[PDB]
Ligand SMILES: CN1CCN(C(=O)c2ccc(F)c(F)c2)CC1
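The chain that follows stands alone, in the form solved without the ligand, written as structure tokens.
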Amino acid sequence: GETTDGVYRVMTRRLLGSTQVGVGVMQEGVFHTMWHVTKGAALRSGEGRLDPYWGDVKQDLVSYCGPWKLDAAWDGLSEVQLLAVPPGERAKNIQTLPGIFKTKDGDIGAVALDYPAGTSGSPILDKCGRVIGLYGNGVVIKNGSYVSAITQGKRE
């Protein structure tokens, strides 16, 4: 149905009324979201249908209609923008300087902005406008707030 490049809301009519479950990026005819939002289930776009193509629970990523297309990366120095799309609220660019998630397999960028779980899948952008990762997978810190990793896939 709607294949225009841009940011989209992921909704469901299974609960009370229409409930936003997450967010995702349409780019090059591919819908990119976080796995925990759809669980790999098929999506609807008006009268059309989006079937999953690639998915991975550990990476917590999933693509629809084709392979992952997002390949930009955080440079480790520059500030970034979280294009937060919160439930029932308009899309909004929040600029921040990310922290680091230090792991046994390497370091990852991390946005320390707190948002409802339904914001999951919101793109994190660089100054060029390129999607460098997705918001929605991180941790709950000492003060109860959420710090999300900058989760990026691999382009083949």
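Residues carry their position along the shown sequence, with the first being 1.
What comes next is about the form solved in complex with the ligand, which is not displayed.
- Three or more atoms of the ligand lie within 2.4 Å of backbone or C-beta atoms here once its pose in the deposited complex is superimposed on the site C-alphas of this chain, so the site counts as blocked.
- Under a 4.5 angstroms non-hydrogen atom cutoff, the ligand in the deposited complex has residue 59 among its neighbouring residues.
- The closest non-hydrogen atom of residue 63 lies within 4.5 Å of the ligand in the deposited complex.
- Within this chain, residue 31 is remote from the site of the ligand in the deposited complex, having no heavy atom within 4.5 Å.
- Mapping the unseen interface onto this chain, residue 67 counts among the residues with a heavy atom inside 4.5 Å of the ligand in the deposited complex.
- In the deposited complex, the ligand lies within 4.5 angstroms of at least one heavy atom of each of the following residues of 40-56: 53, 54, in sequence order.
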